[PDB]
Each structure stands twice: as C-alpha cells, then as structure tokens.
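First up is the structure itself, then whatever we jot down about it.
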Amino acid sequence: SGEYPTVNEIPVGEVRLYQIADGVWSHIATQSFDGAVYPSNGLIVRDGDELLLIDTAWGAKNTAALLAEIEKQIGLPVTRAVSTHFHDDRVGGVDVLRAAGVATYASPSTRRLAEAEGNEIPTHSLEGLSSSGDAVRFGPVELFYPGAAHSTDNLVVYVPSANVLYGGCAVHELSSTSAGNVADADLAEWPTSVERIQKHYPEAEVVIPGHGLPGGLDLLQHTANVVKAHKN
Ligand SMILES: C[C@@H](c1cccc2c(-c3ccc(CS(C)(=O)=O)c(F)c3)c(C(=O)O)[nH]c12)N1C[C@H](CN2CC(N)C2)OC1=O
Ligand SMILES: [Zn+2]
Ligand SMILES: [Zn+2]
C-alpha cells in the first residue's frame with residue numbers, strides 16, 4: 001500500500017512496480033538461490049511512447065511476470081533492455097525478453113562473462129564503456145562504467161530528467177551489513193569505483209541499489225563503508 005515492496009509483500013511468483021519519479025519506476029521481484037530468498041531491483045524508464053528496461057527480474061518466470069505487470073500498470077511497450085552485469089539477477093529472463101520483442105543489450109564484457117558462465121546472453125553489445133569513467137547515452141538514460149566493484153563489468157544508470165541514480169549491484173542499501181554476494185567482486189577497487197560514481201553524479205536525488213530499499217546519496221558512502229569492512 002505505497003511502501004517500498006519487500007519479499008513479505010510480493011505474492012509468490014509475482015513482481016511489483018514502485019514509482020520513483022515522473023516516468024521512472026523500479027521493479028522488484030524475489031528469487032531463491034542456494035536455499036535462501038532474496039529481493040532484487042531493476043528500473044523502467046519512459047522513452048516517449050515506449051519503455052526502456054534496466055535488468056531482468058531474476059529468472060524467466062519472474063521476467064514474464066514483469067512484462068505482465070508493466071502492461072497492467074503502465075501499458076506502454078518495452079522495446080529495449082540493458083543488463084548491468086552478467087549475473088542471473090540481471091540477465092536471467094533475457095530469453096523471455098527476446099521472445100517478447102525486446103531488443104537486449106549489455107557491454108561486451110557482460111556478454112562474454114554471461115556466455116562463459118552459462119547465463120542468458122543479451123543480443124547487442126554496448127561499445128564505449130570499456131574504460132573506467134566512460135559514459136554513453138542510451139535513450140532517456142546515461143550508462144556509466146565506474147570500474148570494478150561488485151563485478152568487473154558492472155554498469156550504473158543515470159536518469160538525467162529526474163536525477164535518479166540506479167547503482168545496480170555496485171550499490172547497497174542502507175541496512176546492509178556486508179557487501180552481499182562478493183563471489184565476483186573486486187573489494188580493493190570497489191571504493192575507488194564508488195568514488196567515481198559520487199564524483200560523476202553529485203546531484204543524484206534518489207539512489208537505487210541492486211537489492212533492497214532506495215534512498216539518497218548516502219547509499220554510496222554506506223556501500224564504501226561496508227565493502228571496506230568486508231575486505232578487512
Ligand atoms: C545471482 C547473484 C546473487 C545470488 C544470491 C544473493 C545475491 C546478492 C545479495 C544481495 C544482498 C544481500 C544482503 S546484504 C547486502 O549482504 O546485507 C545478500 F546477502 C546477497 C547479490 C549482490 O550482492 O549483488 N547477488 C546475489 N550472484 C550469483 C553469484 C555466484 N557467482 C556466479 C559464479 N561466478 C559464482 O554471485 C552473485 O552475485
Ligand atoms: Zn551480481
Ligand atoms: Zn546483485
């Protein structure tokens with residue numbers, strides 16, 4: 001009833017949307033992994049009379065449910081999707097998207113990693129993002145490569161019309177107590193990558209993590225704090 005959704009308020013196998021700003025929503029879904037249940041976020045950005053999707057809903061059935069939820073709540077077609085790194089919470093569901101008319105994109109680094117690990121593979125490569133600090137425009141968003149953090153390929157997304165910073169899994173929520181799933185992370189570089197985000201997007205008003213609650217700019221510093229203490 002208007003609070004940011006959590007695993008306790010999303011019915012089994014469903015997806016919820018949350019209005020972030022004019023023409024900006026997050027999507028929230030839950031998934032099981034290694035015997036525990038986790039939420040995850042993605043983004044939806046209005047692109048004229050179409051929608052840009054950032055990240056899948058962590059699995060094929062969740063991503064089908066996402067599309068249905070968008071049709072119900074928004075009613076504009078999703079025409080393009082970007083996955084912000086190679087893990088299943090970002091790309092699992094790309095095959096569903098691709099069979100629903102959505103053109104799927106990711107960096108060449110994400111595509112290589114997804115292929116190597118047996119995850120679903122976005123169709124199109126996003127050039128111009130291979131060097132730390134790189135940024136490109138993609139419809140109504142800017143895509144930014146901050147450097148290695150949660151993964152070596154992680155991208156962040158900025159919505160300049162609304163000053164919304166979608167950090168993806170490079171950014172953690174304020175309640176976090178450790179740096180999440182660090183299997184593919186660079187803990188030593190991650191603070192430097194977060195500093196790059198803070199320097200590039202100082203006017204961000206909303207910051208959305210890859211998992212958990214949105215907040216303000218403090219999510220960035222909090223992230224650096226939890227990563228440095230996880231590494232220690
Ligand atoms: C599919 C993905 C994955 C699965 C399950 C949980 C998470 C988590 C995760 C997020 C938050 C918390 C709570 S908190 C910050 O701790 O308070 C938390 F507890 C965990 C994150 C993240 O942090 O983004 N992601 C996860 N995967 C899979 C993976 C395995 N790799 C692939 C091989 N190369 C080995 O690595 C990863 O990220
Ligand atoms: Zn990940
Ligand atoms: Zn994640």
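Order determines the names: the first chain of the structure tokens is A, the second B, and so forth; residues in each chain are numbered 1 upward, and ligands are numbered 1 upward as they are shown.
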Residues within 10 Å of ligand 2, counting only C-alpha atoms and all ligand atoms, as a VMD selection string: chain A and resid 84 to 91 149 to 151 153 to 154 168 to 170 180 to 185 210 to 211
Every residue of chain A that DSSP places in strand (DSSP E), as a VMD selection string: chain A and resid 16 to 21 24 to 33 36 to 47 50 to 54 78 to 82 103 to 106 124 to 125 135 to 138 141 to 144 156 to 159 164 to 168 206 to 209
Of the listed residues A:94, A:171, A:213, A:229, that which approaches ligand 3 most closely, counting only C-alpha atoms and all ligand atoms: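 Using only C-alpha atoms and all ligand atoms, ligand 3 sits closest to A:171.
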Region 2-150 of chain A: residues DSSP assigns to alpha helix (DSSP H), reported as a ChimeraX atom specification: /A:60-73,88-91,94-99,108-117
Selection: 10 Å around region 119-125 of chain A, only C-alpha atoms, excl. self and same-chain fewer than 6 positions, as a PDB file with N, CA, C and O atoms, in the first residue's frame:
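Saved file out.pdb follows:
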ATOM      1  N   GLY A  59      15.104 -14.311 -13.380  1.00  0.00           N
ATOM      2  CA  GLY A  59      14.547 -15.572 -13.841  1.00  0.00           C
ATOM      3  C   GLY A  59      13.509 -15.390 -14.913  1.00  0.00           C
ATOM      4  O   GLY A  59      12.867 -14.354 -15.056  1.00  0.00           O
ATOM      5  N   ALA A  60      13.298 -16.468 -15.660  1.00  0.00           N
ATOM      6  CA  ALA A  60      12.375 -16.460 -16.781  1.00  0.00           C
ATOM      7  C   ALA A  60      10.945 -16.216 -16.336  1.00  0.00           C
ATOM      8  O   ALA A  60      10.274 -15.329 -16.856  1.00  0.00           O
ATOM      9  N   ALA A  81      16.100  -3.354 -23.563  1.00  0.00           N
ATOM     10  CA  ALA A  81      16.546  -3.668 -22.209  1.00  0.00           C
ATOM     11  C   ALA A  81      18.059  -3.637 -22.153  1.00  0.00           C
ATOM     12  O   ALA A  81      18.715  -4.050 -23.109  1.00  0.00           O
ATOM     13  N   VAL A  82      18.596  -3.163 -21.035  1.00  0.00           N
ATOM     14  CA  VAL A  82      20.021  -3.192 -20.749  1.00  0.00           C
ATOM     15  C   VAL A  82      20.218  -4.018 -19.474  1.00  0.00           C
ATOM     16  O   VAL A  82      19.548  -3.762 -18.471  1.00  0.00           O
ATOM     17  N   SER A  83      21.168  -4.931 -19.520  1.00  0.00           N
ATOM     18  CA  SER A  83      21.573  -5.663 -18.311  1.00  0.00           C
ATOM     19  C   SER A  83      22.886  -5.077 -17.797  1.00  0.00           C
ATOM     20  O   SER A  83      23.838  -4.889 -18.566  1.00  0.00           O
ATOM     21  N   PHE A  86      26.575  -9.501 -15.482  1.00  0.00           N
ATOM     22  CA  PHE A  86      26.342 -10.812 -16.096  1.00  0.00           C
ATOM     23  C   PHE A  86      25.587 -11.803 -15.214  1.00  0.00           C
ATOM     24  O   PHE A  86      25.277 -12.894 -15.709  1.00  0.00           O
ATOM     25  N   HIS A  87      25.337 -11.506 -13.944  1.00  0.00           N
ATOM     26  CA  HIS A  87      24.716 -12.479 -13.037  1.00  0.00           C
ATOM     27  C   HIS A  87      23.235 -12.651 -13.391  1.00  0.00           C
ATOM     28  O   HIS A  87      22.596 -11.831 -14.036  1.00  0.00           O
ATOM     29  N   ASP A  88      22.660 -13.765 -12.874  1.00  0.00           N
ATOM     30  CA  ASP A  88      21.304 -14.151 -13.212  1.00  0.00           C
ATOM     31  C   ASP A  88      20.253 -13.164 -12.745  1.00  0.00           C
ATOM     32  O   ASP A  88      19.165 -13.132 -13.349  1.00  0.00           O
ATOM     33  N   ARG A  90      20.398 -10.152 -13.291  1.00  0.00           N
ATOM     34  CA  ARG A  90      20.458  -9.111 -14.292  1.00  0.00           C
ATOM     35  C   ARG A  90      20.104  -9.598 -15.691  1.00  0.00           C
ATOM     36  O   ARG A  90      19.546  -8.824 -16.479  1.00  0.00           O
ATOM     37  N   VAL A  91      20.493 -10.821 -16.010  1.00  0.00           N
ATOM     38  CA  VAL A  91      20.297 -11.403 -17.337  1.00  0.00           C
ATOM     39  C   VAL A  91      19.313 -12.562 -17.340  1.00  0.00           C
ATOM     40  O   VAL A  91      18.946 -12.998 -18.425  1.00  0.00           O
ATOM     41  N   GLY A  92      18.959 -13.146 -16.188  1.00  0.00           N
ATOM     42  CA  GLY A  92      18.058 -14.312 -16.214  1.00  0.00           C
ATOM     43  C   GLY A  92      16.681 -13.829 -16.573  1.00  0.00           C
ATOM     44  O   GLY A  92      16.073 -13.073 -15.800  1.00  0.00           O
ATOM     45  N   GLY A  93      16.175 -14.224 -17.726  1.00  0.00           N
ATOM     46  CA  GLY A  93      14.983 -13.596 -18.299  1.00  0.00           C
ATOM     47  C   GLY A  93      15.243 -12.916 -19.624  1.00  0.00           C
ATOM     48  O   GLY A  93      14.264 -12.549 -20.290  1.00  0.00           O
ATOM     49  N   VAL A  94      16.492 -12.780 -20.044  1.00  0.00           N
ATOM     50  CA  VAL A  94      16.781 -12.195 -21.340  1.00  0.00           C
ATOM     51  C   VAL A  94      16.156 -12.985 -22.477  1.00  0.00           C
ATOM     52  O   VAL A  94      15.710 -12.409 -23.452  1.00  0.00           O
ATOM     53  N   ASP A  95      16.090 -14.314 -22.372  1.00  0.00           N
ATOM     54  CA  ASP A  95      15.444 -15.090 -23.433  1.00  0.00           C
ATOM     55  C   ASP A  95      13.947 -14.793 -23.527  1.00  0.00           C
ATOM     56  O   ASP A  95      13.409 -14.646 -24.632  1.00  0.00           O
ATOM     57  N   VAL A  96      13.276 -14.645 -22.375  1.00  0.00           N
ATOM     58  CA  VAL A  96      11.881 -14.217 -22.348  1.00  0.00           C
ATOM     59  C   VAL A  96      11.749 -12.866 -23.032  1.00  0.00           C
ATOM     60  O   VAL A  96      10.832 -12.632 -23.794  1.00  0.00           O
ATOM     61  N   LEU A  97      12.585 -11.902 -22.663  1.00  0.00           N
ATOM     62  CA  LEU A  97      12.529 -10.593 -23.288  1.00  0.00           C
ATOM     63  C   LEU A  97      12.659 -10.674 -24.776  1.00  0.00           C
ATOM     64  O   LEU A  97      11.881 -10.059 -25.533  1.00  0.00           O
ATOM     65  N   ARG A  98      13.642 -11.436 -25.214  1.00  0.00           N
ATOM     66  CA  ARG A  98      13.958 -11.547 -26.625  1.00  0.00           C
ATOM     67  C   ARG A  98      12.826 -12.201 -27.420  1.00  0.00           C
ATOM     68  O   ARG A  98      12.639 -11.870 -28.590  1.00  0.00           O
ATOM     69  N   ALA A 103      14.574  -5.762 -27.631  1.00  0.00           N
ATOM     70  CA  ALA A 103      15.967  -5.811 -28.009  1.00  0.00           C
ATOM     71  C   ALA A 103      16.830  -5.689 -26.751  1.00  0.00           C
ATOM     72  O   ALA A 103      16.668  -4.752 -26.000  1.00  0.00           O
ATOM     73  N   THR A 104      17.724  -6.669 -26.548  1.00  0.00           N
ATOM     74  CA  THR A 104      18.507  -6.790 -25.309  1.00  0.00           C
ATOM     75  C   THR A 104      19.961  -6.383 -25.567  1.00  0.00           C
ATOM     76  O   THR A 104      20.547  -6.757 -26.585  1.00  0.00           O
ATOM     77  N   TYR A 105      20.484  -5.632 -24.635  1.00  0.00           N
ATOM     78  CA  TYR A 105      21.808  -5.046 -24.736  1.00  0.00           C
ATOM     79  C   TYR A 105      22.608  -5.248 -23.435  1.00  0.00           C
ATOM     80  O   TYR A 105      22.068  -5.287 -22.341  1.00  0.00           O
ATOM     81  N   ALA A 106      23.942  -5.311 -23.606  1.00  0.00           N
ATOM     82  CA  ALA A 106      24.871  -5.285 -22.469  1.00  0.00           C
ATOM     83  C   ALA A 106      26.251  -4.957 -23.024  1.00  0.00           C
ATOM     84  O   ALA A 106      26.478  -5.030 -24.221  1.00  0.00           O
ATOM     85  N   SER A 107      27.161  -4.607 -22.136  1.00  0.00           N
ATOM     86  CA  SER A 107      28.532  -4.394 -22.595  1.00  0.00           C
ATOM     87  C   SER A 107      29.110  -5.677 -23.169  1.00  0.00           C
ATOM     88  O   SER A 107      28.713  -6.785 -22.809  1.00  0.00           O
ATOM     89  N   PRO A 108      30.175  -5.561 -23.991  1.00  0.00           N
ATOM     90  CA  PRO A 108      30.846  -6.789 -24.456  1.00  0.00           C
ATOM     91  C   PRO A 108      31.403  -7.580 -23.309  1.00  0.00           C
ATOM     92  O   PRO A 108      31.394  -8.808 -23.357  1.00  0.00           O
ATOM     93  N   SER A 109      31.834  -6.935 -22.239  1.00  0.00           N
ATOM     94  CA  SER A 109      32.354  -7.654 -21.098  1.00  0.00           C
ATOM     95  C   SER A 109      31.282  -8.471 -20.404  1.00  0.00           C
ATOM     96  O   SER A 109      31.480  -9.651 -20.063  1.00  0.00           O
ATOM     97  N   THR A 110      30.108  -7.892 -20.228  1.00  0.00           N
ATOM     98  CA  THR A 110      28.993  -8.637 -19.659  1.00  0.00           C
ATOM     99  C   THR A 110      28.606  -9.810 -20.542  1.00  0.00           C
ATOM    100  O   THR A 110      28.326 -10.906 -20.060  1.00  0.00           O
ATOM    101  N   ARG A 111      28.559  -9.608 -21.872  1.00  0.00           N
ATOM    102  CA  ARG A 111      28.181 -10.677 -22.748  1.00  0.00           C
ATOM    103  C   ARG A 111      29.148 -11.820 -22.702  1.00  0.00           C
ATOM    104  O   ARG A 111      28.737 -12.997 -22.682  1.00  0.00           O
ATOM    105  N   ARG A 112      30.444 -11.550 -22.654  1.00  0.00           N
ATOM    106  CA  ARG A 112      31.463 -12.602 -22.555  1.00  0.00           C
ATOM    107  C   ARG A 112      31.336 -13.369 -21.259  1.00  0.00           C
ATOM    108  O   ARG A 112      31.455 -14.599 -21.217  1.00  0.00           O
ATOM    109  N   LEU A 113      31.125 -12.663 -20.155  1.00  0.00           N
ATOM    110  CA  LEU A 113      31.021 -13.297 -18.850  1.00  0.00           C
ATOM    111  C   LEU A 113      29.781 -14.138 -18.741  1.00  0.00           C
ATOM    112  O   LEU A 113      29.805 -15.269 -18.210  1.00  0.00           O
TER     113      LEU A 113
END
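Proximity to residue 227 (chain A) at 9 Å, evaluated using only C-alpha atoms and with sequence-adjacent residues fewer than 6 positions away removed, yields residues 178, 179, 187, 188, 190 and 191 of chain A.
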Close residues, region 11-14 of chain A itself excluded, 12 Å, only C-alpha atoms, min 4 positions apart in chain, as a list in words: residues 5, 6, 7, 27, 28, 29, 30, 31, 32, 37, 39, 57, 58, 59, 60, 61, 62, 63, 64, 65, 66, 67, 68, 69 and 70 of chain A
Writing out the chosen residues with N, CA and C atoms as a PDB file, in the first residue's frame:
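And here's part_2.pdb as it stands now:
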ATOM      1  N   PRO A   5       8.302  -2.266  -1.736  1.00  0.00           N
ATOM      2  CA  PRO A   5       7.940  -3.692  -1.570  1.00  0.00           C
ATOM      3  C   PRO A   5       9.175  -4.471  -1.088  1.00  0.00           C
ATOM      4  N   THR A   6       8.814  -5.604  -0.500  1.00  0.00           N
ATOM      5  CA  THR A   6       9.784  -6.499   0.041  1.00  0.00           C
ATOM      6  C   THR A   6       9.247  -7.871  -0.210  1.00  0.00           C
ATOM      7  N   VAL A   7      10.098  -8.858   0.079  1.00  0.00           N
ATOM      8  CA  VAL A   7       9.712 -10.244  -0.099  1.00  0.00           C
ATOM      9  C   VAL A   7       8.441 -10.576   0.643  1.00  0.00           C
ATOM     10  N   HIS A  27      11.360  -1.992 -10.516  1.00  0.00           N
ATOM     11  CA  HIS A  27      10.673  -3.255 -10.422  1.00  0.00           C
ATOM     12  C   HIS A  27      11.331  -4.119  -9.372  1.00  0.00           C
ATOM     13  N   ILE A  28      10.555  -4.875  -8.639  1.00  0.00           N
ATOM     14  CA  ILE A  28      11.020  -5.675  -7.505  1.00  0.00           C
ATOM     15  C   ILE A  28      10.460  -7.079  -7.654  1.00  0.00           C
ATOM     16  N   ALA A  29      11.326  -8.064  -7.496  1.00  0.00           N
ATOM     17  CA  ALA A  29      10.913  -9.443  -7.537  1.00  0.00           C
ATOM     18  C   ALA A  29      11.733 -10.231  -6.524  1.00  0.00           C
ATOM     19  N   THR A  30      11.370 -11.483  -6.294  1.00  0.00           N
ATOM     20  CA  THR A  30      12.152 -12.281  -5.363  1.00  0.00           C
ATOM     21  C   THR A  30      12.512 -13.603  -6.004  1.00  0.00           C
ATOM     22  N   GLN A  31      13.631 -14.145  -5.539  1.00  0.00           N
ATOM     23  CA  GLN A  31      14.134 -15.385  -6.111  1.00  0.00           C
ATOM     24  C   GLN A  31      14.866 -16.167  -5.017  1.00  0.00           C
ATOM     25  N   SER A  32      14.867 -17.473  -5.164  1.00  0.00           N
ATOM     26  CA  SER A  32      15.608 -18.401  -4.358  1.00  0.00           C
ATOM     27  C   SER A  32      16.995 -18.622  -4.978  1.00  0.00           C
ATOM     28  N   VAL A  37      16.050 -16.868   0.133  1.00  0.00           N
ATOM     29  CA  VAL A  37      15.235 -15.982  -0.704  1.00  0.00           C
ATOM     30  C   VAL A  37      15.767 -14.566  -0.606  1.00  0.00           C
ATOM     31  N   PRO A  39      15.338 -10.433  -2.423  1.00  0.00           N
ATOM     32  CA  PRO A  39      14.742  -9.471  -3.364  1.00  0.00           C
ATOM     33  C   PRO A  39      15.784  -8.996  -4.352  1.00  0.00           C
ATOM     34  N   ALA A  57      14.050  -9.496 -14.066  1.00  0.00           N
ATOM     35  CA  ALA A  57      13.505  -9.741 -12.749  1.00  0.00           C
ATOM     36  C   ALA A  57      14.016 -11.031 -12.096  1.00  0.00           C
ATOM     37  N   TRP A  58      15.194 -11.486 -12.490  1.00  0.00           N
ATOM     38  CA  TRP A  58      15.879 -12.634 -11.875  1.00  0.00           C
ATOM     39  C   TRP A  58      15.114 -13.890 -12.153  1.00  0.00           C
ATOM     40  N   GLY A  59      15.104 -14.311 -13.380  1.00  0.00           N
ATOM     41  CA  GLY A  59      14.547 -15.572 -13.841  1.00  0.00           C
ATOM     42  C   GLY A  59      13.509 -15.390 -14.913  1.00  0.00           C
ATOM     43  N   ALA A  60      13.298 -16.468 -15.660  1.00  0.00           N
ATOM     44  CA  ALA A  60      12.375 -16.460 -16.781  1.00  0.00           C
ATOM     45  C   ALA A  60      10.945 -16.216 -16.336  1.00  0.00           C
ATOM     46  N   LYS A  61      10.468 -16.952 -15.321  1.00  0.00           N
ATOM     47  CA  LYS A  61       9.069 -16.740 -14.941  1.00  0.00           C
ATOM     48  C   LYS A  61       8.849 -15.398 -14.265  1.00  0.00           C
ATOM     49  N   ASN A  62       9.805 -14.943 -13.465  1.00  0.00           N
ATOM     50  CA  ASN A  62       9.706 -13.620 -12.908  1.00  0.00           C
ATOM     51  C   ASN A  62       9.682 -12.555 -13.996  1.00  0.00           C
ATOM     52  N   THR A  63      10.483 -12.732 -15.056  1.00  0.00           N
ATOM     53  CA  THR A  63      10.559 -11.739 -16.107  1.00  0.00           C
ATOM     54  C   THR A  63       9.272 -11.727 -16.965  1.00  0.00           C
ATOM     55  N   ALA A  64       8.668 -12.881 -17.202  1.00  0.00           N
ATOM     56  CA  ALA A  64       7.354 -12.899 -17.811  1.00  0.00           C
ATOM     57  C   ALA A  64       6.358 -12.130 -16.952  1.00  0.00           C
ATOM     58  N   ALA A  65       6.393 -12.379 -15.627  1.00  0.00           N
ATOM     59  CA  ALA A  65       5.505 -11.682 -14.728  1.00  0.00           C
ATOM     60  C   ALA A  65       5.762 -10.167 -14.750  1.00  0.00           C
ATOM     61  N   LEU A  66       7.030  -9.766 -14.887  1.00  0.00           N
ATOM     62  CA  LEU A  66       7.383  -8.361 -15.012  1.00  0.00           C
ATOM     63  C   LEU A  66       6.685  -7.736 -16.212  1.00  0.00           C
ATOM     64  N   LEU A  67       6.798  -8.371 -17.366  1.00  0.00           N
ATOM     65  CA  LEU A  67       6.163  -7.846 -18.555  1.00  0.00           C
ATOM     66  C   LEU A  67       4.658  -7.679 -18.360  1.00  0.00           C
ATOM     67  N   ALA A  68       4.030  -8.665 -17.725  1.00  0.00           N
ATOM     68  CA  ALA A  68       2.588  -8.586 -17.474  1.00  0.00           C
ATOM     69  C   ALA A  68       2.283  -7.431 -16.523  1.00  0.00           C
ATOM     70  N   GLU A  69       3.065  -7.234 -15.492  1.00  0.00           N
ATOM     71  CA  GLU A  69       2.879  -6.156 -14.558  1.00  0.00           C
ATOM     72  C   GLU A  69       3.029  -4.794 -15.226  1.00  0.00           C
ATOM     73  N   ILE A  70       4.011  -4.675 -16.124  1.00  0.00           N
ATOM     74  CA  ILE A  70       4.173  -3.425 -16.866  1.00  0.00           C
ATOM     75  C   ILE A  70       2.958  -3.159 -17.736  1.00  0.00           C
TER      76      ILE A  70
END
Length of the CA of residue 152 (chain A) to CA of residue 205 (chain A) vector [Å]: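 According to the coordinates, CA of residue 152 (chain A) and CA of residue 205 (chain A) are separated by 25.9 Å.
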Counting only C-alpha atoms, the residue of A:147, A:128, A:48, A:23 that sits nearest residue 164 (chain A):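 Checking each of A:147, A:128, A:48, A:23 against residue 164 (chain A), counting only C-alpha atoms, the winner is A:23.
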Atomic separation - CA of residue 143 (chain A) relative to CA of residue 51 (chain A), Å: 15.9 Å
Which of A:56, A:174, A:130, A:204 sits closest to residue 158 (chain A) [using only C-alpha atoms]: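 Nearest to residue 158 (chain A): A:204.
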From A:42, A:2, A:118, A:75, residue lying nearest ligand 3 [only C-alpha atoms and all ligand atoms]: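 The answer is A:42, which sits nearest to ligand 3.
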Among listed residues A:192, A:1, A:79, A:8, nearest residue 132 (chain A) (using only C-alpha atoms): A:192
Which residue of A:4, A:38, A:144, A:166 approaches ligand 1 most closely, using only C-alpha atoms and all ligand atoms: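 Going through A:4, A:38, A:144, A:166 one by one, the smallest distance to ligand 1 is for A:38.
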Could you list, as a compact mmCIF listing (two decimals) with N, CA and C atoms, in the first residue's frame, every residue within 8 Å of residue 142 (chain A), counting only C-alpha atoms and ignoring same-chain residues fewer than 6 positions away?
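So the final result, stored in part_12.txt, reads:
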# COMPACT_ATOMS: atom_id res chain seq x y z
N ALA A 135 31.11 6.97 -20.26
CA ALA A 135 29.67 7.15 -20.25
C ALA A 135 29.14 7.24 -21.68
N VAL A 136 27.96 6.71 -21.90
CA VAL A 136 27.27 6.79 -23.18
C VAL A 136 25.80 7.07 -22.94
N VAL A 157 23.41 3.43 -14.04
CA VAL A 157 22.49 4.10 -14.96
C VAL A 157 21.99 5.36 -14.29
N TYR A 158 22.02 6.47 -15.01
CA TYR A 158 21.52 7.75 -14.52
C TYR A 158 20.37 8.23 -15.39
N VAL A 159 19.32 8.72 -14.76
CA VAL A 159 18.16 9.29 -15.45
C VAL A 159 18.23 10.78 -15.28
N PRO A 160 18.75 11.54 -16.27
CA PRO A 160 19.04 12.97 -16.01
C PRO A 160 17.75 13.77 -15.81
